[PDB]
Amino acid sequence: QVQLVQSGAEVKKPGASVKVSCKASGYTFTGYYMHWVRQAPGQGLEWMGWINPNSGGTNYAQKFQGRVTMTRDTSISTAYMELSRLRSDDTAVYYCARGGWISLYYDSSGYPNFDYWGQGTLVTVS
Amino acid sequence: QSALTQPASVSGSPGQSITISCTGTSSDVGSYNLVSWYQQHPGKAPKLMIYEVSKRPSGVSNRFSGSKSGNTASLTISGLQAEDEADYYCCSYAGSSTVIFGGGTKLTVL
Amino acid sequence: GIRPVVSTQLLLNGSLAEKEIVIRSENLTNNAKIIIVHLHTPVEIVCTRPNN
Ligand SMILES: *[C@@H]1O[C@H](CO)[C@@H](O[C@@H]2O[C@H](CO)[C@@H](O[C@@H]3O[C@H](CO[C@H]4O[C@H](CO[C@H]5O[C@H](CO)[C@@H](O)[C@H](O)[C@@H]5O)[C@@H](O)[C@H](O[C@H]5O[C@H](CO)[C@@H](O)[C@H](O)[C@@H]5O)[C@@H]4O)[C@@H](O)[C@H](O[C@H]4O[C@H](CO)[C@@H](O)[C@H](O)[C@@H]4O[C@H]4O[C@H](CO)[C@@H](O)[C@H](O)[C@@H]4O)[C@@H]3O)[C@H](O)[C@H]2NC(C)=O)[C@H](O)[C@H]1NC(C)=O
Ligand SMILES: *[C@@H]1O[C@H](CO)[C@@H](O[C@@H]2O[C@H](CO)[C@@H](O[C@@H]3O[C@H](CO)[C@@H](O)[C@H](O)[C@@H]3O)[C@H](O)[C@H]2NC(C)=O)[C@H](O)[C@H]1NC(C)=O
Ligand SMILES: *[C@@H]1O[C@H](CO)[C@@H](O)[C@H](O)[C@H]1NC(C)=O
């Protein structure tokens, strides 16, 4: 059917930049939004911003604006995340989720309907 | 601008209904009707429960229903079994195209 | 009540006809006179925008 796979686990020192990929297959990914969320071990879920894979326009939440860069590659069907200036509080697992439908006539970006999720990438900071 | 309010944990006997409720700011939940529910297994990716404040997706049986009353959104679980061991989350549209998430309720069976 | 709306084509809010479509024109022979059609039943139109 359809799958959202990610890269392997990675460990970085405080002061580096981490790259997490998300590959979507089995469906036309250029017609759906893509949301990325964070989960600290033992805590709840924190929401980082979304990416629209048609025009490349991105939004980011509070407490993240300035140290996250969200790009895309249409030809190889991957979604990228560039989080620089890592700290000790960023040890978590990162998910990529498929949001609403890109509809060209209304703003369906903020609709919280994440159907299909990635298996997660374990990023820890020591 | 903080997270949505949610209790620590809930419990109930099998065959007994349980209610999990979230109370939020009127700019987040009381204005827009975009609320979704999210359980997860420990060590697994979460799965989508309820689309809007009350809607059923495909592949989910008719044991979960939702409702909204002012600033409060609640989820009703009917027929509690041993497969209800999960961690439930609230999330909603929060304005300016930002989505916020709740704390988390862990349910235990008896 | 005359509402002074401003529109080029597709005459917006105003008085309808009474029993059928009525066509107003000056001569209907030369092709320089603006033929005016007065409708009997309205057709709904809605328009939107993004969020500044
Ligand atoms: C002015 O007028 C214009 C009209 O031109 C208005 O624009 C229209 O606005 C409405 C919203 O009111 C939009 O409706 C929405 O459409 C999407 C898209 O659904 C279509 O595509 C689905 C995907 O399958 C195809 O597409 C992929 C592309 O990659 C292909 O690869 C596939 O092979 C398929 O070809 C498809 O499943 C849909 O089928 C459904 O509809 C047809 C109708 O013909 C039925 O037969 C089918 O049985 C089926 O029901 C359709 O073809 C929908 O997805 C939207 O529904 C979602 O959103 C709702 C609101 O959020 C929600 O309540 C629904 O439950 C549903 O929720 C879904 O959301 C996510 C989507 O994946 C997931 O999380 C999940 O699946 C969840 O279920 C909605 O119906 C119109 O598209 C839009 N028109 C155009 C041209 O864009 C405009 O609004 C007006 N302006 C005004 C009034 O101001
Ligand atoms: C469309 O754009 C407008 C731009 O103004 C958005 O309105 C803004 O929405 C945010 C939502 O968080 C408001 O912030 C809130 O402000 C109140 C003020 O007391 C504060 O108490 C809250 O804690 C929160 O910070 C913001 O004020 C508001 N802007 C104005 C001028 O009122 C609107 O949300 C956008 N629409 C959509 C659907 O996103
Ligand atoms: C306009 O109407 C008059 C009166 O019927 C007519 O004589 C004249 O020919 C018309 N104009 C044209 C261009 O046909």
# chains A, B, ... in the order shown; residues from 1 in each chain; ligands from 1

call {"tool": "interface_residues", "arguments": {"of": "chain B", "to": "chain A", "cutoff": "8 Å", "atoms": "only C-alpha atoms", "output": "PDB file with N, CA and C atoms, in the first residue's frame"}}
result
ATOM      1  N   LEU B  34     -12.061  21.920  15.132  1.00  0.00           N
ATOM      2  CA  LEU B  34     -11.029  20.984  14.690  1.00  0.00           C
ATOM      3  C   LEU B  34     -10.389  20.380  15.936  1.00  0.00           C
ATOM      4  N   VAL B  35     -10.811  19.167  16.292  1.00  0.00           N
ATOM      5  CA  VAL B  35     -10.273  18.419  17.425  1.00  0.00           C
ATOM      6  C   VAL B  35     -10.052  16.989  16.951  1.00  0.00           C
ATOM      7  N   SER B  36      -8.895  16.409  17.267  1.00  0.00           N
ATOM      8  CA  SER B  36      -8.658  15.010  16.945  1.00  0.00           C
ATOM      9  C   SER B  36      -8.056  14.283  18.141  1.00  0.00           C
ATOM     10  N   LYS B  44       5.335   2.348  19.700  1.00  0.00           N
ATOM     11  CA  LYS B  44       4.749   2.304  18.369  1.00  0.00           C
ATOM     12  C   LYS B  44       4.222   3.682  17.996  1.00  0.00           C
ATOM     13  N   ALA B  45       4.059   3.891  16.692  1.00  0.00           N
ATOM     14  CA  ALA B  45       3.518   5.142  16.188  1.00  0.00           C
ATOM     15  C   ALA B  45       2.030   5.252  16.524  1.00  0.00           C
ATOM     16  N   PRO B  46       1.543   6.458  16.815  1.00  0.00           N
ATOM     17  CA  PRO B  46       0.120   6.619  17.128  1.00  0.00           C
ATOM     18  C   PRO B  46      -0.752   6.486  15.889  1.00  0.00           C
ATOM     19  N   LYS B  47      -2.045   6.270  16.132  1.00  0.00           N
ATOM     20  CA  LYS B  47      -3.021   6.069  15.073  1.00  0.00           C
ATOM     21  C   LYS B  47      -4.208   6.995  15.304  1.00  0.00           C
ATOM     22  N   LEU B  48      -4.852   7.399  14.212  1.00  0.00           N
ATOM     23  CA  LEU B  48      -5.899   8.412  14.275  1.00  0.00           C
ATOM     24  C   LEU B  48      -7.226   7.801  14.715  1.00  0.00           C
ATOM     25  N   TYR B  51     -11.826  12.176  13.520  1.00  0.00           N
ATOM     26  CA  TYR B  51     -11.442  13.231  12.582  1.00  0.00           C
ATOM     27  C   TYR B  51     -11.685  14.640  13.114  1.00  0.00           C
ATOM     28  N   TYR B  89      -4.198  11.414  23.549  1.00  0.00           N
ATOM     29  CA  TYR B  89      -3.768  12.796  23.402  1.00  0.00           C
ATOM     30  C   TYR B  89      -4.865  13.643  22.772  1.00  0.00           C
ATOM     31  N   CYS B  91      -5.437  17.182  20.456  1.00  0.00           N
ATOM     32  CA  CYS B  91      -4.802  18.170  19.599  1.00  0.00           C
ATOM     33  C   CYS B  91      -5.883  18.954  18.877  1.00  0.00           C
ATOM     34  N   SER B  92      -5.574  20.206  18.554  1.00  0.00           N
ATOM     35  CA  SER B  92      -6.577  21.094  17.988  1.00  0.00           C
ATOM     36  C   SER B  92      -5.904  22.202  17.196  1.00  0.00           C
ATOM     37  N   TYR B  93      -6.684  22.808  16.307  1.00  0.00           N
ATOM     38  CA  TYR B  93      -6.259  24.018  15.617  1.00  0.00           C
ATOM     39  C   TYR B  93      -6.186  25.165  16.615  1.00  0.00           C
ATOM     40  N   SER B  97      -2.400  29.096  11.810  1.00  0.00           N
ATOM     41  CA  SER B  97      -1.948  27.831  11.216  1.00  0.00           C
ATOM     42  C   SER B  97      -0.952  27.093  12.109  1.00  0.00           C
ATOM     43  N   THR B  98      -1.234  27.063  13.407  1.00  0.00           N
ATOM     44  CA  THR B  98      -0.432  26.331  14.375  1.00  0.00           C
ATOM     45  C   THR B  98      -1.302  25.294  15.066  1.00  0.00           C
ATOM     46  N   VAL B  99      -0.749  24.102  15.260  1.00  0.00           N
ATOM     47  CA  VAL B  99      -1.440  22.998  15.915  1.00  0.00           C
ATOM     48  C   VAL B  99      -0.750  22.731  17.244  1.00  0.00           C
ATOM     49  N   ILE B 100      -1.525  22.700  18.320  1.00  0.00           N
ATOM     50  CA  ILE B 100      -1.003  22.408  19.646  1.00  0.00           C
ATOM     51  C   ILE B 100      -1.487  21.029  20.070  1.00  0.00           C
ATOM     52  N   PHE B 101      -0.798  20.455  21.052  1.00  0.00           N
ATOM     53  CA  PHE B 101      -1.078  19.102  21.509  1.00  0.00           C
ATOM     54  C   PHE B 101      -1.297  19.092  23.015  1.00  0.00           C
ATOM     55  N   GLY B 102      -2.037  18.082  23.479  1.00  0.00           N
ATOM     56  CA  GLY B 102      -2.352  17.946  24.885  1.00  0.00           C
ATOM     57  C   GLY B 102      -1.276  17.206  25.662  1.00  0.00           C
ATOM     58  N   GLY B 103      -1.561  16.993  26.945  1.00  0.00           N
ATOM     59  CA  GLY B 103      -0.614  16.352  27.836  1.00  0.00           C
ATOM     60  C   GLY B 103      -0.540  14.845  27.689  1.00  0.00           C
ATOM     61  N   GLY B 104      -1.634  14.151  27.992  1.00  0.00           N
ATOM     62  CA  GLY B 104      -1.660  12.707  27.868  1.00  0.00           C
ATOM     63  C   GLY B 104      -2.348  11.987  29.010  1.00  0.00           C
TER      64      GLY B 104
END

call {"tool": "select_by_dssp", "arguments": {"residues": "chain C", "states": "strand (DSSP E or B)", "output": "list in words"}}
result
residues 22, 23, 24, 36, 37 and 38 of chain C

call {"tool": "closest_atom_pairs", "arguments": {"of": "chain B", "to": "ligand 1", "cutoff": "9 Å", "atoms": "only C-alpha atoms and all ligand atoms", "output": "CSV"}}
result
residue,atom,partner,partner_atom_place_in_ligand_line,distance
B:48,CA,ligand 1,74 (O),8.9
B:51,CA,ligand 1,65 (O),7.2
B:52,CA,ligand 1,63 (O),7.4
B:55,CA,ligand 1,65 (O),7.8
B:56,CA,ligand 1,65 (O),8.6
B:57,CA,ligand 1,78 (O),6.6
B:58,CA,ligand 1,78 (O),8.2

call {"tool": "interface_residues", "arguments": {"of": "chain C", "to": "chain A", "cutoff": "10 Å", "atoms": "only C-alpha atoms", "output": "number ranges by chain"}}
result
C: 48-51

call {"tool": "write_last_selection", "arguments": {"atoms": "N, CA, C and O atoms", "output": "PDB file, in the first residue's frame"}}
result
ATOM      1  N   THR C  48     -14.394  34.478  -2.145  1.00  0.00           N
ATOM      2  CA  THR C  48     -13.572  34.411  -0.933  1.00  0.00           C
ATOM      3  C   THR C  48     -12.158  34.957  -1.133  1.00  0.00           C
ATOM      4  O   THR C  48     -11.877  35.613  -2.140  1.00  0.00           O
ATOM      5  N   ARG C  49     -11.270  34.695  -0.169  1.00  0.00           N
ATOM      6  CA  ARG C  49      -9.909  35.221  -0.153  1.00  0.00           C
ATOM      7  C   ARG C  49      -9.085  34.392   0.836  1.00  0.00           C
ATOM      8  O   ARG C  49      -9.652  33.654   1.648  1.00  0.00           O
ATOM      9  N   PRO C  50      -7.730  34.462   0.765  1.00  0.00           N
ATOM     10  CA  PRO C  50      -6.903  34.000   1.896  1.00  0.00           C
ATOM     11  C   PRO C  50      -6.852  34.969   3.072  1.00  0.00           C
ATOM     12  O   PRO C  50      -7.567  35.976   3.094  1.00  0.00           O
ATOM     13  N   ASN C  51      -6.002  34.672   4.057  1.00  0.00           N
ATOM     14  CA  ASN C  51      -5.944  35.401   5.326  1.00  0.00           C
ATOM     15  C   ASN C  51      -4.700  36.279   5.374  1.00  0.00           C
ATOM     16  O   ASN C  51      -3.597  35.787   5.620  1.00  0.00           O
TER      17      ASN C  51
END

call {"tool": "residues_near_ligand", "arguments": {"ligand": "ligand 3", "cutoff": "9 Å", "atoms": "only C-alpha atoms and all ligand atoms", "output": "ChimeraX atom specification"}}
result
/C:26-32

call {"tool": "write_last_selection", "arguments": {"atoms": "N, CA and C atoms", "output": "PDB file, in the first residue's frame"}}
result
ATOM      1  N   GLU C  26     -32.094  49.318 -27.295  1.00  0.00           N
ATOM      2  CA  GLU C  26     -32.483  50.537 -27.996  1.00  0.00           C
ATOM      3  C   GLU C  26     -32.997  50.248 -29.405  1.00  0.00           C
ATOM      4  N   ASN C  27     -32.190  49.577 -30.227  1.00  0.00           N
ATOM      5  CA  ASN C  27     -32.543  49.352 -31.622  1.00  0.00           C
ATOM      6  C   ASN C  27     -32.548  47.890 -32.046  1.00  0.00           C
ATOM      7  N   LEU C  28     -31.658  47.056 -31.491  1.00  0.00           N
ATOM      8  CA  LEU C  28     -31.458  45.646 -31.856  1.00  0.00           C
ATOM      9  C   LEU C  28     -31.123  45.446 -33.332  1.00  0.00           C
ATOM     10  N   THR C  29     -30.541  46.445 -33.989  1.00  0.00           N
ATOM     11  CA  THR C  29     -30.066  46.287 -35.356  1.00  0.00           C
ATOM     12  C   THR C  29     -28.580  46.572 -35.481  1.00  0.00           C
ATOM     13  N   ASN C  30     -28.111  47.690 -34.934  1.00  0.00           N
ATOM     14  CA  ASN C  30     -26.684  47.957 -34.885  1.00  0.00           C
ATOM     15  C   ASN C  30     -26.059  47.224 -33.706  1.00  0.00           C
ATOM     16  N   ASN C  31     -24.779  46.885 -33.852  1.00  0.00           N
ATOM     17  CA  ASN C  31     -24.063  46.094 -32.862  1.00  0.00           C
ATOM     18  C   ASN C  31     -23.246  46.960 -31.911  1.00  0.00           C
ATOM     19  N   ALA C  32     -23.722  48.169 -31.618  1.00  0.00           N
ATOM     20  CA  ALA C  32     -23.042  49.070 -30.702  1.00  0.00           C
ATOM     21  C   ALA C  32     -23.901  49.476 -29.514  1.00  0.00           C
TER      22      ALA C  32
END

call {"tool": "decode", "arguments": {"residues": "region 84-97 of chain A", "atoms": "N, CA, C and O atoms", "output": "PDB file, in the first residue's frame"}}
result
ATOM      1  N   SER A  84      19.414  22.647  13.320  1.00  0.00           N
ATOM      2  CA  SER A  84      20.744  23.007  13.782  1.00  0.00           C
ATOM      3  C   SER A  84      20.684  23.534  15.211  1.00  0.00           C
ATOM      4  O   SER A  84      19.606  23.746  15.773  1.00  0.00           O
ATOM      5  N   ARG A  85      21.875  23.753  15.780  1.00  0.00           N
ATOM      6  CA  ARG A  85      22.091  24.212  17.159  1.00  0.00           C
ATOM      7  C   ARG A  85      21.403  23.291  18.169  1.00  0.00           C
ATOM      8  O   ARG A  85      20.510  23.691  18.917  1.00  0.00           O
ATOM      9  N   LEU A  86      21.838  22.033  18.166  1.00  0.00           N
ATOM     10  CA  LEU A  86      21.256  21.023  19.040  1.00  0.00           C
ATOM     11  C   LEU A  86      21.647  21.261  20.493  1.00  0.00           C
ATOM     12  O   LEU A  86      22.782  21.639  20.794  1.00  0.00           O
ATOM     13  N   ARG A  87      20.701  21.030  21.394  1.00  0.00           N
ATOM     14  CA  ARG A  87      20.929  21.136  22.829  1.00  0.00           C
ATOM     15  C   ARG A  87      20.616  19.803  23.501  1.00  0.00           C
ATOM     16  O   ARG A  87      20.209  18.834  22.856  1.00  0.00           O
ATOM     17  N   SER A  88      20.809  19.765  24.821  1.00  0.00           N
ATOM     18  CA  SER A  88      20.549  18.547  25.580  1.00  0.00           C
ATOM     19  C   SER A  88      19.062  18.286  25.773  1.00  0.00           C
ATOM     20  O   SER A  88      18.685  17.161  26.116  1.00  0.00           O
ATOM     21  N   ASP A  89      18.215  19.291  25.569  1.00  0.00           N
ATOM     22  CA  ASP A  89      16.775  19.150  25.729  1.00  0.00           C
ATOM     23  C   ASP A  89      16.084  18.643  24.471  1.00  0.00           C
ATOM     24  O   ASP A  89      14.863  18.458  24.485  1.00  0.00           O
ATOM     25  N   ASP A  90      16.825  18.417  23.389  1.00  0.00           N
ATOM     26  CA  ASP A  90      16.249  17.965  22.131  1.00  0.00           C
ATOM     27  C   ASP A  90      16.351  16.458  21.941  1.00  0.00           C
ATOM     28  O   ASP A  90      16.112  15.969  20.832  1.00  0.00           O
ATOM     29  N   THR A  91      16.706  15.712  22.984  1.00  0.00           N
ATOM     30  CA  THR A  91      16.706  14.257  22.884  1.00  0.00           C
ATOM     31  C   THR A  91      15.268  13.727  22.871  1.00  0.00           C
ATOM     32  O   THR A  91      14.504  13.909  23.827  1.00  0.00           O
ATOM     33  N   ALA A  92      14.887  13.130  21.746  1.00  0.00           N
ATOM     34  CA  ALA A  92      13.505  12.745  21.481  1.00  0.00           C
ATOM     35  C   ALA A  92      13.486  11.761  20.316  1.00  0.00           C
ATOM     36  O   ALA A  92      14.527  11.247  19.895  1.00  0.00           O
ATOM     37  N   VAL A  93      12.289  11.498  19.798  1.00  0.00           N
ATOM     38  CA  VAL A  93      12.095  10.742  18.568  1.00  0.00           C
ATOM     39  C   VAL A  93      11.241  11.594  17.632  1.00  0.00           C
ATOM     40  O   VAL A  93      10.313  12.282  18.073  1.00  0.00           O
ATOM     41  N   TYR A  94      11.596  11.604  16.348  1.00  0.00           N
ATOM     42  CA  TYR A  94      10.994  12.502  15.371  1.00  0.00           C
ATOM     43  C   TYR A  94      10.100  11.725  14.415  1.00  0.00           C
ATOM     44  O   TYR A  94      10.514  10.699  13.865  1.00  0.00           O
ATOM     45  N   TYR A  95       8.882  12.226  14.213  1.00  0.00           N
ATOM     46  CA  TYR A  95       7.896  11.617  13.334  1.00  0.00           C
ATOM     47  C   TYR A  95       7.564  12.561  12.187  1.00  0.00           C
ATOM     48  O   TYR A  95       7.635  13.784  12.331  1.00  0.00           O
ATOM     49  N   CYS A  96       7.203  11.983  11.045  1.00  0.00           N
ATOM     50  CA  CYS A  96       6.660  12.728   9.918  1.00  0.00           C
ATOM     51  C   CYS A  96       5.259  12.209   9.631  1.00  0.00           C
ATOM     52  O   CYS A  96       5.056  10.997   9.512  1.00  0.00           O
ATOM     53  N   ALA A  97       4.298  13.121   9.527  1.00  0.00           N
ATOM     54  CA  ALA A  97       2.897  12.759   9.390  1.00  0.00           C
ATOM     55  C   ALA A  97       2.290  13.461   8.187  1.00  0.00           C
ATOM     56  O   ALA A  97       2.699  14.566   7.824  1.00  0.00           O
TER      57      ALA A  97
END
